[PDB]
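Written out below as structure tokens is the structure these notes cover.
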Amino acid sequence: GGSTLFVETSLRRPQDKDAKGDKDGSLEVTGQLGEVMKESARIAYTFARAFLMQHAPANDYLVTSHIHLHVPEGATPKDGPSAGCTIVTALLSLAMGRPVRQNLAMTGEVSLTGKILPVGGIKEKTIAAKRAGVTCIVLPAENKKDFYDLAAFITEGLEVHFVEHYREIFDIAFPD
Amino acid sequence: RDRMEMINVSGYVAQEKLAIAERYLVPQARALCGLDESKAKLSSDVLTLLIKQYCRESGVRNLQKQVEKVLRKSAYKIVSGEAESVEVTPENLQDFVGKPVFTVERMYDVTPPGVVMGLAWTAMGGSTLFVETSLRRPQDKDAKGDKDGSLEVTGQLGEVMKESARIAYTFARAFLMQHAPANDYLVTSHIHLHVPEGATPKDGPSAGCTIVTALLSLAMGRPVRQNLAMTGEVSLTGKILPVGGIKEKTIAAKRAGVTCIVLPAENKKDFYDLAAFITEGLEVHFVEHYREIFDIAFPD
Amino acid sequence: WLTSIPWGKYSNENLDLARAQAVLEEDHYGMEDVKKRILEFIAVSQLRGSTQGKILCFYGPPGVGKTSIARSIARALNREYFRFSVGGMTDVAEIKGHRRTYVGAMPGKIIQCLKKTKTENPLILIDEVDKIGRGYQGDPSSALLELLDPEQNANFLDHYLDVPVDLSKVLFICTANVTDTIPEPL
Amino acid sequence: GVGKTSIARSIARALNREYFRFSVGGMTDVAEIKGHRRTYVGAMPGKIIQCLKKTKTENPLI
Ligand SMILES: Nc1ncnc2c1ncn2[C@@H]1O[C@H](COP(=O)(O)OP(=O)(O)O)[C@@H](O)[C@H]1O
Ligand SMILES: Nc1ncnc2c1ncn2[C@@H]1O[C@H](COP(=O)(O)OP(=O)(O)O)[C@@H](O)[C@H]1O
């Protein structure tokens, strides 16, 4: 069924080895990842880098930093990519050090451009969220119909936020 | 492969699918459901809505499943439900099968810088795939910096695809050199490009033109002209080569709501060998050197 | 083994729609979509007259009522019920018996189901379809495909028994936690 | 989902000859084409012979 998994990230080597440093920040991914998952992870990495660039030019953290991220396993391979937005927001939060808004979840696939794509198993993810006591949830606009095919009580007290492009998400997870 | 003759049977545009459903599917399903046209009725517009929204692929089997489901619901309503006959309408379709699925015909319509459409003759028929690019390292770490921008590829690409990508990269760099030497972007900038998979390995190289145009769009930032697609194998000098699955790519492009299409001059005959309605309303463009593609996509 | 098999044993089926709806609503909670499909199946079986059978699979988390709702459906339709666990199985022989020549040969488990049910139009429930091994000297997936083939089913046969069997009216249900792992043809 | 099988049936009926399909996808045993040895009791011939038996003619639409 559905489940809630915390994608986690950390810095595995001193950020400023050299103030002049011109190396490229590595990335390491753990969690028994399939090849498609590795490609999705790299896509998320690149898009997060570009987003930080256009948004916070002064922050080279993500560009020059050897990061290690753990995506808890269990996701069925076809559903694997659905954690793209989660990975991107995790990387951004680490970059700016701001914790994401409490009791918030998300799910979606990122497209190396910031656009989000629909995903499967919306119902089970919603049930897992509700059982996880989460209040605000983020989903792609494309799956919206699925989220509205569900009974009222299941959707009771869920401040959903439908989105199409990652920009919207960045405004929610980091309200101020 | 060589021991017999291969005959192609490819795709069905919305009009063809509608005709097939009206004359072939609906009656066969009705008989399968043991019903009469008097008892169950489906307007053509309903089938049009189904095809345009509730089924997205060259095949028709999924449309068969949808029509079968709606007929099943009508049968249940008949045996017990109050209604004695069913006249399906766009209004009742929701309750009959549910809310729509493929609300967006395309990925999007804006095509921001560094992304361009392309046509892929994948095993499951034709498809429209967006090839995108991005800058994953600072453009100017130090204005002096002279090390060439590294290129990275995603999409489970085979070595043949990787070499095609390198060829496109080199040719795009040379074309930028000629057209705008002042712009070193494509030279001194590490870049990451994603070409969606699903294209059959033989057809992989066809996306060379798409890759080159995407890279150029990123370098100049000019978003490619909307509702545009293309396909062609690049020559490392700018000449384009023919590709297969032309009919399949054409039908997929038309289904994707695209108007202006670009093909190599060589495949021209195959484009014209198609029907008329299939080719209706397509601002086709036949080229042999990449320069013409650059002029088209960037009218300025 | 042969004579004990039914032939034309169309076990009678109920057709009162409201009766089945009440039965299912009593035997289970919510689960609307399944009940909708079942009512549609009953309605088509009625209008068509002669009873028939198709293949649908309930996919979802474990311990959700799939087996229980299958039992309830078997009860409501009045037809027989049998279940067959397929996960972690390789030798199609169990599905197809043996050649009948090997020492202690037996027919395929479907033959056992047909005998025990002693009916021509039973309900069969395959448990945990996606856990097929289809490994070396296995690949029963072909056997399952021929079994679910809406046309080959009409003349299916096994190794031990060498005679065709008609199954178009037989009702098949399949269970599996996940969808993708199922082979695409099935 | 293009009707290849359906058009096969249409050709079979229009020509007045018979029809018989065959699945080879993901198959790895030659026996099904070449049957068995006829020596192993319970051995079966190739599927083609069975199709010929069923159609009872040597001008089928295989
Ligand atoms: N909606 C429901 N209504 C009635 N009983 C249920 C429902 N959902 C689950 N159950 C009960 O939970 C148990 C689940 O066991 P089982 O039927 O084996 O689940 P599954 O079919 O998923 O294997 C059953 O005993 C069943 O009675
Ligand atoms: N042009 C057409 N005319 C009649 N029927 C069609 C046409 N295209 C598709 N179909 C229907 O779609 C169904 C798909 O059958 P299928 O066995 O999937 O064919 P294929 O082997 O080509 O995929 C057929 O039953 C057929 O009746």
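Methodologically, a virtual Cβ is constructed for each residue, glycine included, from the backbone with ideal geometry; neighbour enumeration extends over all protein chains shown. The numbers here are math on the coordinates, done by the rules we state, and not lab data.
Kindly list, by first and then second residue, each pair from a residue in the range C:48-61 that is in contact (Cβ under 8 Å) with a residue 40 or more places away in the chain to a residue that is in a loop (DSSP other than H, G, I, E, B) and within 16 Å of ligand 2 (Cβ to nearest atom), limited to pairs with Cβ atoms under 8 Å and residues at least 6 apart or on different chains.
Within 8 Å, the pairs are C:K54/C:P150; C:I55/C:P150.
Output the residues belonging to the range D:6-22 that are under 21 Å from C:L145 (Cβ atoms) and either assigned to a helix (DSSP H, G or I) or at the interface with another protein chain (Cβ under 10 Å from one of its Cβ atoms) (or both). Break it down stepwise before answering.
Let us first name the residues in the range D:6-22 that are under 21 Å from C:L145 (Cβ atoms), namely D:6, D:8-9, D:19-22.
Answer for the range D:6-22, where residues must be under 21 Å from C:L145 (Cβ atoms) and either assigned to a helix (DSSP H, G or I) or at the interface with another protein chain (Cβ under 10 Å from one of its Cβ atoms) (or both): D:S6, D:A8, D:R9, D:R21.
Does the range B:187-234 hold any residues that are among the β-branched types (V, I, T), under 30 Å from A:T64 (Cβ atoms) and surrounded by 21 or more Cβ atoms within 10 Å (Cβ to Cβ), and which are they?
Residues of the range B:187-234 among the β-branched types (V, I, T): B:187-188, B:191, B:195, B:200, B:210-213, B:224, B:231, B:234.
Add one more test, that the residue is under 30 Å from A:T64 (Cβ atoms), and what stays is B:187-188, B:191, B:195, B:211.
Within the range B:187-234, B:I191, B:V195, B:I211 qualify.
Considering only the range B:124-145, how many residues are within 12 Å of another protein chain (Cβ to nearest Cβ) and surrounded by fewer than 19 Cβ atoms within 10 Å (Cβ to Cβ)?
So the first thing to find is which residues in the range B:124-145 are within 12 Å of another protein chain (Cβ to nearest Cβ), and the list is B:124-125, B:129-142, B:144-145.
Filter once more, keeping what is surrounded by fewer than 19 Cβ atoms within 10 Å (Cβ to Cβ): B:124, B:138-142, B:144-145.
Final tally of qualifying residues: 8.
What are the residues in the range C:121-148 that are within 12 Å of chain D (Cβ to nearest Cβ), assigned to a loop (DSSP other than H, G, I, E, B) and surrounded by fewer than 17 Cβ atoms within 10 Å (Cβ to Cβ), if any?
Passing the criteria: C:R134, C:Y136, C:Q137, C:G138.
Checking D:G25 against (1) within 14 Å of chain B (Cβ to nearest Cβ); (2) of a type outside the set (D, E); (3) not in a loop (DSSP other than H, G, I, E, B), only one condition comes out false. Which one?
Unmet condition: (3).
Sort out which residues of the range A:146-161 are within 14 Å of chain B (Cβ to nearest Cβ) and either among the aliphatic types (A, V, I, L, M) or on the phi > 0 side of the Ramachandran plot (or both), and write them in order of number.
Result: A:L150, single match.
In the range D:28-40, what count of residues is obtained for those that are within 11 Å of another protein chain (Cβ to nearest Cβ) and either touching a helix residue (DSSP H, G or I) at 6+ places or on another chain (Cβ under 6 Å) or more than 22 Å from C:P140 (Cα to Cα) (or both)?
Of the residues in the range D:28-40, 1 are within 11 Å of another protein chain (Cβ to nearest Cβ) and either touching a helix residue (DSSP H, G or I) at 6+ places or on another chain (Cβ under 6 Å) or more than 22 Å from C:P140 (Cα to Cα) (or both).
For the structure I just gave you, tell me whether C:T181 is assigned to a loop (DSSP other than H, G, I, E, B), closer than 27 Å to C:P62 by Cα and of a type in the set (S, T, N, Q).
yes
For the subset of the range C:158-186 comprising residues that are over 17 Å from C:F84 (Cα atoms) and touching a strand residue (DSSP E or B) at 6+ places or on another chain (Cβ under 6 Å), which member is farthest from the other protein chains (Cβ to nearest Cβ)?
C:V165
Which count do you get for residues in the range D:40-62 that are surrounded by fewer than 14 Cβ atoms within 10 Å (Cβ to Cβ) and closer than 21 Å to C:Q137 by Cα?
Residues in the range D:40-62 being surrounded by fewer than 14 Cβ atoms within 10 Å (Cβ to Cβ) and closer than 21 Å to C:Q137 by Cα: 3 in total.
Of all the helices (runs of 4 or more DSSP H) wholly in the range A:54-163, which have at least 2 residues that are under 25 Å from B:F130 (Cβ atoms)?
So the answer is A:84-96, A:144-148.
What do you reckon, is C:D158 part of a loop (DSSP other than H, G, I, E, B), away from ligand 2 (no atom under 16 Å from the Cβ), buried (at least 19 other Cβ atoms within 10 Å of the Cβ) and not basic (K, R)?
Details: part of a loop (DSSP other than H, G, I, E, B): yes; away from ligand 2 (no atom under 16 Å from the Cβ): yes; buried (at least 19 other Cβ atoms within 10 Å of the Cβ): yes; not basic (K, R): yes.
Taking the combined requirement at face value, the residue satisfies it.
Any chance you could count how many residues in the range C:37-75 are more than 19 Å from C:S11 (Cα to Cα) and within 15 Å of ligand 1 (Cβ to nearest atom)?
So the answer is 14.
Could you look through the range A:13-71, keep only residues that are surrounded by 13 or more Cβ atoms within 10 Å (Cβ to Cβ), within 11 Å of chain B (Cβ to nearest Cβ) and among the polar types (S, T, N, Q), and pick out the one that is nearest to B:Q156 (Cα to Cα)?
Step by step, filter the range A:13-71, then rank; the result is A:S40.
Return the residues of the range B:12-33 that are without any contact (Cβ under 8 Å) to a residue 24 or more places away in the chain and closer than 27 Å to C:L47 by Cβ; say none if nothing qualifies.
Hits for the range B:12-33 are B:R23, B:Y24, B:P27, B:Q28, B:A31.
Return the total of residues in the range C:72-107 being assigned to a loop (DSSP other than H, G, I, E, B) and within 14 Å of the chain's Cα centre (by Cα).
First pass over the range C:72-107, keeping only residues assigned to a loop (DSSP other than H, G, I, E, B): C:78-80, C:86-91, C:97-107.
If we keep only those that are within 14 Å of the chain's Cα centre (by Cα) too, we end up with C:79-80, C:86.
Qualifying residue count, the range C:72-107: 3.
Can you list residue pairs whose Cβ atoms sit under 6 Å apart, with the first residue in the range B:62-89 being within 14 Å of C:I42 (Cβ to Cβ) and the second being within 16 Å of ligand 2 (Cβ to nearest atom)? Count only pairs 6 or more apart in sequence or on different chains.
So the pair list comes out as B:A75/B:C33.
With respect to A:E164, is the statement that it is within 14 Å of chain B (Cβ to nearest Cβ), acidic (D, E) and either more than 18 Å from A:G2 (Cα to Cα) or in contact with a helix residue (DSSP H, G or I) (Cβ under 9 Å, 6 or more places away or on another chain) (or both) true?
Taking the combined requirement at face value, the residue satisfies it.
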